[PDB]
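Below: one structure, written as C-alpha cells.
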Ligand SMILES: CCCCCCCC/C=C\CCCCCCCC(=O)OP(=O)(O)OC[C@H]1O[C@@H](n2cnc3c(N)ncnc32)[C@H](O)[C@@H]1O
Ligand SMILES: CCCCCCCC/C=C\CCCCCCCC(=O)OP(=O)(O)OC[C@H]1O[C@@H](n2cnc3c(N)ncnc32)[C@H](O)[C@@H]1O
Ligand SMILES: [C][C][C][C][C][C][C][C]/[C]=[C]\[C][C][C][C][C][C][C]C(=O)O=P([O])([O])O[C][C]1O[C](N2[C]=NC3=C2N=[C]N=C3[N])[C]([O])[C]1[O]
Ligand SMILES: [Mg+2]
Ligand SMILES: [Mg+2]
Ligand SMILES: [Mg+2]
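Residue numbers (UniProt numbering), protein chains in the order written: chain A, 6 to 533; chain B, 6 to 533; chain C, 6 to 533.
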C-alpha cells in the first residue's frame, strides 16, 4: 500500500476521531461502566480473540443480542480485522433467520442467552458454523472470558476501502429476505457527511460534542441509523439500555442525563404515556423519530413536554439516512401546530444526496408540492445490488438510479412528504390514488380500531379499493354507515370523490407480519 | 461510468449542499450583490464561456485578482469542467511569477487590471498562453462581457474523483517554487471532515448555517484555508472585501453583520488598533488566526474586545488545515490569561489526522509535553509529491509519512505547540535549541526593534547562535549590555544557560523575503 | 537480454572501433600525454569511482570544464554506466545555469577550478547535489586522486539502446532554456552515418584514419559536433588545447601537426589575423566552419592560405549535423571565387536525412533555388521532444516533422542556402522578406560598425523594417544618407525596392545575449 494513498477505513473513525476523552464513560444499563481507554483495550482484545479463532479477512461473524457495549465493540473489531459483520434480525421467524444464516454463510455466531430457544429450533439445520459464543449479563459470559485471555495490543491491518464490512438482510416484499451490504468507505462517508449536516444546524436538532447518546433502536436494523459511529467519533458519552423497558428507559434518561436519542413512534408513545413520565423533566431531549411516519398528534403531544422532536428518513438500502427535518430560526417561532406539521414531514435531503421525483417512465416530475411520484436517489452510501441476486438487483438500480418504492411529492422549498408506497397505489382509472389518506379518514371513526385498504381489481376504473376494518369493544356499526361516513368528507378528485366503490368489509382480525406491520400482500390472497 | 459507483466531485459540493437558500446573498464590497440562484447561473455561464474558448479537461487556467465573486466562481467553474485551477501568488516577484506560469503551462490567464504592470515586465517571456482576460470592477470588465454572451444552462461532466483540480506553487526554501496539487476527492473530503469537527463544537468556535462569512486571507494561498467551499456548502451569506483596507473591512463587518472570518496576526493588529474600531461592537465575531504564530499579547488584547479568537495550523502541503484550537466548556471559565495561552496554541489535530512527533531517525518521541520533535502527519488531503519533482518529493514523504518541517512538542491531553523550524534549530553541542525563544527574550528589550538569531558554526559546541538586532529611534545600546540582558534570565540547560556565545551584533537592517518574513538563509550568506 | 539481439550502445564505439592502436596518443595541451590503452584503463577507473559514489543507472552527472582528456573520459564512462551526462553551458548567466541544474536534478557535479566563482553565486540555491568534484590542471586535482584509488578492471552493463545518455539544455527564444536529450542508439547512428558520408569523399574534406583531431568548439554545446566520438572510433590522435588561446592554438597545430579541426568564424578570424600565423604552413588543415553563417570574405581569405575550409549545419536539436558542404572533383577546378561561394553554403543533406522545404501550411515548396521556406527534417538522431515540456514539444514536431526555424531555399542539385530565421522575417505586405540581406547592405557602409534590422508593425504593408546602426570612431553620418545609400542598390521586389520605410535610427549600443549574438527580442521591447 502507498502511504500517500489514503484509504477510508473504519479504524480511522476510532483512532482518529473528532474528539477523544480517555476518561469519558461507556455505560451498559445498571450492569457495567468503563472508559474510552478501556473500550479501546477491549476492542484490541476482541481483535486478538477473533484472530485466535481462525477468523480471516474474508470470514463472516454473525451477532445476536440487544444493545450493549458488546454490540458497540462488534461494530468495530470485526470490520477492522477485515471480516464481515452480519447483524441478525432477532424479530424474524426462526425459518427466516435460518435462511439468512445459510445465505450469509456465517462462521462464528455470537448469540445472547435469551435467544437460545430460537437457536434450539434451528441449530440442527445450520451448516458452516464452527463456534457458538453465548453472551450473558452475569460473570459467566463466554465473550468476557474470551476477552480476559487476550492482550490489549494489536496492529490493525490496511486494506482497500472497498472491502465489505456489514450485512443485515432486510426483508421487504420478495418472498425471501434480501442481502444488503456496505463497505468501509461508505460507512465513513455516511458518518462524516451526516455529522457535517446535522452538527452544523444553528440551534435546533443538532448533535454536538456535549451530548449524551442513547439508542432506542434495535441496533441491528440499519446500523442503529449509523448513530453509534457518529457518537464514538465525537468522543461522547454513550448509554445502552438493553431490552427496551419503558420504566428503565425513563430511569436511565433521568439518571444519566441523556440528551440525544432516536426512536420509533411506538416506543415514544409508550414513554410519553408511562405514569413515571408525568413528573419528569424532558426539556433536554432530542429524539429523532425516523422509524415510520411520525404522526402529527404524537409530535404535538411530545412538543408540549418540551422535547426536540424531528423526523428522518431511511430505507435500509440507503445508508439508511437520506433526509432529516431541519427547521430554520424563522420556523421556530410557530406556536405548536405549524411546528407539528413541519416536524412530522419526511424532511430535506442531506448533503451529497440528489433525491429526484420520477414516474413509471423516469420523467422527473416537477417539484410543485402536489404532483406525487416515486423517490429516486443517488448517494455515496448506497448498496450497489442485492447479495447473490441479479434481477432484483437490476430492478433496484433501474434507469441508473436507486429505486426506493415510496411515493411522495416535493414542494418548492425542498420539503419531502411521503404519501404512500409504490405497490399500495390504487391505480384507479388512470390515476394513482394513495391508500394512506383513506385509512386515516376511516381510522378517525369513533367505533373503528384499525383500517386496511386493499385494491380490488375491476374490469373498468382500473382497480377499486376495498376496505378492511376492525371494530372496537361492544361496537357494531353497519357497512352502510361506514360508506356514508367516508362520503361526508370533501376535496377528492376523479368520479365524484372516489366514493362509489369503497367496499368496506368487517374482519375480526387483520393479518400482520412478524414485525407488527399490516401484511397487505396476504390480505390480497385471502380476499381475492 | 457506473451510476452506482459514486465519485466525490466538487460539483456535488455546489449542487448537493447541506443547505441551499436561493435568495441568500453573495456580496462583493460596495460593488455587486446577487443571489445563490444568480451565482449558479453565472457558474454555468462561465462554464459555457470556458468551453467556447477551447478549454478542455486537461487544460490549466491561471487566475490573478483579489477576493471577489469572480474568484469564488473560478473556484467552481474551472474544476467542474475538469481543467486545473492555478492560483498565482501576486505577492511574489515578477521573475518567480514568470517561473510558476512557465512551469504550470497555463493556457488562459485571468488577471485584474491593477496587476497589469507586473505582466508588463513578464508578458514578453511568456509562452503557451493564448488568451488574457482583464478583470475590472467597472462595467468594462472582459469577464462580465464574456459571461453576458453565454446561456445559463450547462450539463457538467462526470470524471474520476482523482483528477487534479488546483495548483498554487508554494515557495519555501528550495531556490525555486514548488508545485503542490490536489484532486476533487481531497477537496471534498477536506471540507466534509472539517465541517464535521468545527461544526460539532458545543458553544465556542463553531461555524454553522446562521453565520456570515468574510475572508481576510489572500484566497490564492491555500484555497483561503478551504473556507469558501465550506461556506457555500452551508448555503451561508458571503461578503468579499477586495483589497483589504482596514477602514472598509470594519465598515463591511459593521454593515453586513459579519460573524465568521479568518485572518493573519498583522491584519488583526491593524484592525484592532484602527481608530474606527474603538466604538465598534465586536461580540459576534469568530476570527480564526491561523496564519503564523498568533501572539499571546495580541490574543489577550482581542479577547478584551469580546472576540472569539482561536488559532489553526496549516502548511500549504496539507489541505492546509491540520489542527484547530478547540476549548471544552470547562476551559471557557478561565478569566483572560489561561484562555490566552490555550487559544494561541497550535491546537488539537482535526478528524482523520494522525500527527505523530518524531526525530531525525523517525522514532516517534513520546507525548510528554517537553520532548520536542518534528511534526509528521497522515491525512486524506495531502499532496502525494511536488509537481515535476523527484528528490524533493522523496524528501517530502520520507519514511512513509509527510514531513512538515516544524519542531513542536505534544502534551498529554493532545495540545500541540510549535516551537521552531527544522532548519532553524541551533544544534549546539548535541542538543537541539530553538531560536524563537531567544528572539522573544531579546525582543522584549526596550531599545530593540527586531531580533534575528542565526547559527554560527563552531569547531566544538556544534554550531553556536549569532544574534542580529535592529535598534529603535535614538537608541544606542552596547553589545555587552545586550549579552548581559539575556544572561539575566534563568531556566536554560546545557552550558550554564546557553549564554556564553550569544554573539549579538548590530545591523541597520535585516533582510526579508518578498512576503515580509525574515530571510534567515540570506542572513547566513551575508554573515558567514 | 538475448545475445542474438544486438543493442547499439556507446561502449561498442570504444571497444569495437574501426581501428584501435594501443600506442596512439591522447594529448592535453602541454599538460598531459597518454596512450589509448591508458585511456581505456582510465575510463574503467572512472567507472569504478562513479560506482563507489553511489551513481546508478538513472542518475545524472553534470560536467563543467574546458576541452581536455577529462571531458573525453566523461563522454564515455558516464553513459556506459547508464547514467545521464549533463553538459552545462558555462557561457550562460549564473541564474540560467542554476535553472538548468535544478531542472536536470544533477547528483554529482564535476566543475573546473576557474568556474568556482560562478558556483559561489549559485551553490546556496542548489539542491539535489551531493558531491562536488573540483578539476585542476595541477597534481591536486580531485578527479585524478579519485581515479588513483580505483582498479582498471570493470564489466560494463548491457541495457536497452533507447536509454538516455546526454542532455545539454539549449537556449533559444523561449524565456527559459529547453532540455534536449539523446539515446545511445541515436549517438551511435550519428557517428556511423556521418563517418559513412564524410569519410567516403574522393579527395576533399574527408576525415580518415591518418588525421589528427583537435576541437576548437566548446565541447559542451552539441557534443562538439559529435566529432570526438568519430575520432575515437577511428583510433586517431587527439589533441585538446584547453582555454582556446590563439597563440597556444597555433603552437599546438604546428607542433602536433594537426590536420582536422572544427571551429566557428570568430576564432578562425582570430587565428588568421594573428601575427604568429604569417609564417605558418596551413596546407594540411581541414577546418569545418559550421558554427553560424561562414562569411564569403573570410572563406576566401582562408583559401588563400591553402586551408580546406567547408561549412556544416546543425541545430542542437538535430544531432546536430544535418548537412555538410561537399565538392565534386569538377567543382575543385574553380579558382578562388566560385569555390568561395560553394564552400560557404549550408551544404547538401547527409545520409539518412530528408530535409524538405515547407511553408506555414506545410505544403512542400519546390526546390527551384528561389522559393524560400522553412527547413523541415527527419533523421535517426533527433530529439523526440523537449524535456519536461508539452506544448513547446508539440510545436517542435508539428505536422509529423521536426521544425528547425531557419528559412532557406534549396536549388536543383541539392545545395541549401539559409537566408534568415522564421521569427526574423519581415512579413511586409503579404511577402516574406529576410532581414539578413538588408543588414549586409547597410554593413558595407564605410562609416557603419554594426547593423540590426527589426520589423516595426504597421497598419498596412503588414510590418515594416526598422534599422538600428552603430557608427564607427569619429563618424557622423545623417539618417537621410543611410536611407539613400540603401536606395542606391537594385534588384528588389514589392513596392519599388522595399525602400520607402527603412526607418534607420542611430543607437550608441545594440543589445546582445550572453553568447554575443544580437538579441532582437529585447530590441523590440526597447523600441516598440
Ligand atoms: C448529526 C448526528 C446525529 C445524526 C442523527 C441521525 C438521524 C437518523 C434518522 C432516521 C433515519 C431512518 C432510519 C430507518 C432505517 C429504515 C428502518 C429499517 O429497519 O428499514 P426497513 O427496510 O425495514 O424500512 C425502510 C422503510 O421504512 C419507511 N420509512 C423509514 N423512515 C421513514 C420516514 N421518516 N417516513 C416515512 N416512511 C419511512 C420507508 O417505506 C422505507 O423504505
Ligand atoms: C566524417 C568525420 C568528420 C565529421 C565532421 C563533422 C562536421 C560538423 C559540422 C558542423 C555541425 C554544426 C554544429 C553546430 C551545432 C549548433 C551550435 C549550437 O551550439 O547550437 P545552437 O542551438 O546554439 O545553434 C543552432 C542554430 O545555429 C544556426 N546555424 C548552425 N549552423 C549553421 C550554418 N552552417 N549556417 C547557418 N546557420 C547555422 C542555425 O540557426 C541553428 O538553428
Ligand atoms: C468548520 C468550518 C470553519 C473552518 C475554519 C477553518 C480553520 C482554518 C484555520 C487555519 C489553517 C491554516 C491555513 C494556513 C495555510 C498556510 C499558509 C500558506 O500560505 O502557507 P505557507 O506559506 O506554506 O506557510 C505554511 C507554514 O506556516 C507556518 N504556520 C502556519 N500556521 C501556523 C504556522 N505556525 C504556527 N502556528 C500556526 N497556526 C508553518 O511553519 C507552516 O509550515
Ligand atoms: Mg428497506
Ligand atoms: Mg508550506
Ligand atoms: Mg538550437
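No residue lacks a Cβ here, since even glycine has one placed at the ideal position from N, Cα and C.
Taking a C-beta distance under 8 angstroms as the contact criterion, residue 508 of chain C and residue 474 of chain C do not qualify as a contact pair.
Looking at the DSSP output, residue 187 of chain B bridges to B:171. Here residue 42 of chain C has 27 as same chain residues with Cβ atoms under 6 angstroms from its own Cβ, once five neighbours each way along the sequence are excluded. Interface with chain A (8 angstroms Cβ-Cβ cutoff): residue 358 of chain B is included. Neighbourhood of residue 389 of chain B in chain A, by CB distance below 7 angstroms: 9, in chain order. DSSP places residue 224 of chain C outside any beta strand (DSSP E), giving it a letter other than H or E.
Residues lining ligand 6 by the Cβ criterion, that is a Cβ closer than 6 angstroms to any of its heavy atoms, are C:175, C:177, C:320, C:321 and C:322 in chain order. Membership of residue 243 of chain A in any alpha helix (DSSP H) is not indicated; the residue belongs instead to the beta strand (DSSP E) covering 242 to 245.
The secondary-structure analysis by DSSP pairs residue 416 of chain B with nothing; it has no beta-bridge partner.
Residues are counted here when their Cβ sits less than 7 angstroms from a Cβ of chain B; for the region 109 to 129 of chain C these are 110 and 129, given in chain order. The Cβ of residue 531 of chain B sits no closer than 8 angstroms to any Cβ of chain C.
Neighbourhood of residue 267 of chain B in chain A, by CB distance below 9 angstroms: empty, with the nearest CB roughly 17 angstroms away.
Our two residues, residue 216 of chain A and residue 201 of chain B, have alpha carbons roughly 15 angstroms apart in a direct line. For a Cβ distance threshold of 8 angstroms, residue set 8 of chain A lies close to residue 406 of chain B, ordered along the chain. Scanning its chain for C-beta atoms nearer than 8 angstroms, with the 5 sequence neighbours on each side dropped, one finds around residue 120 of chain B the residues 69, 70 and 95, in chain order.
Residues of the region 129 to 154 of chain B with a Cβ closer than 9 angstroms to any Cβ of chain C, in chain order: 129, 130, 131, 132 and 133. A straight-line Cα-Cα distance of about 10 angstroms links residue 359 of chain C and residue 406 of chain C.
Against residue 181 of chain B, the close residues of chain C are 107, in the order they occur along the chain (beta-carbon pairs closer than 7 angstroms).
Counting only runs of 4+ residues, the alpha helix (DSSP H) found wholly inside the region 426 to 455 of chain A occupies 440 to 448, in chain order.
In the three-state DSSP reduction, residue 391 of chain A falls in the coil class, being neither helix nor strand. Listed along chain B, the residues sitting closer than 9 angstroms to residue 103 of chain C by beta-carbon distance are 180 and 181.
Among the residues facing chain C, residue 61 of chain B is not included, as its CB has no counterpart in that chain under 8 angstroms away. Look at residue 224 of chain A: its beta carbon is at least 7 angstroms from all of the heavy atoms in ligand 1.
With distances taken between CA atoms, residue 89 of chain A lies nearest to A:62 out of A:62, A:176, A:337 and A:74.
Beta-carbon to beta-carbon, residue 159 of chain A and residue 53 of chain A are separated by about 6 angstroms, close enough to satisfy the 8 angstroms threshold. For the region 17 to 50 of chain A, the set of positions with a beta-carbon nearer than 8 angstroms to some beta-carbon of chain B reads 17, 21, 22, 23, 24 and 25 in chain order. For residue 236 of chain B, the closest of A:205, A:17, A:253 and A:260 by C-alpha to C-alpha distance is A:205. Sequence-ordered contacts of the region 361 to 382 of chain B with chain A are nonexistent [C-beta pairs closer than 7 angstroms]. Counting along the chain, residue 471 of chain B sits inside the beta strand (DSSP E) bounded by residues 468 to 476. When CB distances to chain B are screened at a threshold of 7 angstroms, the residues of the region 204 to 234 of chain A falling below it are 204, 205, 206, 207, 213, 214 and 215, in chain order.
In this structure, the C-beta of residue 13 of chain A stays at least 7 angstroms away from each heavy atom of ligand 3. Residue pairing by DSSP leaves residue 338 of chain A without any beta bridge partner.
In chain order, 197, 198 and 201 make up the part of chain A whose C-beta sits under 7 angstroms from the C-beta of residue 197 of chain B. Relative to residue 373 of chain A, the option among A:455, A:362, A:382 and A:349 whose CA is nearest is A:362. Using beta-carbon distances, residue 396 of chain B counts as an interface residue toward chain C, with a partner under 8 angstroms. In terms of CA proximity to residue 9 of chain A, B:382 leads the group B:245, B:37, B:382 and B:312.
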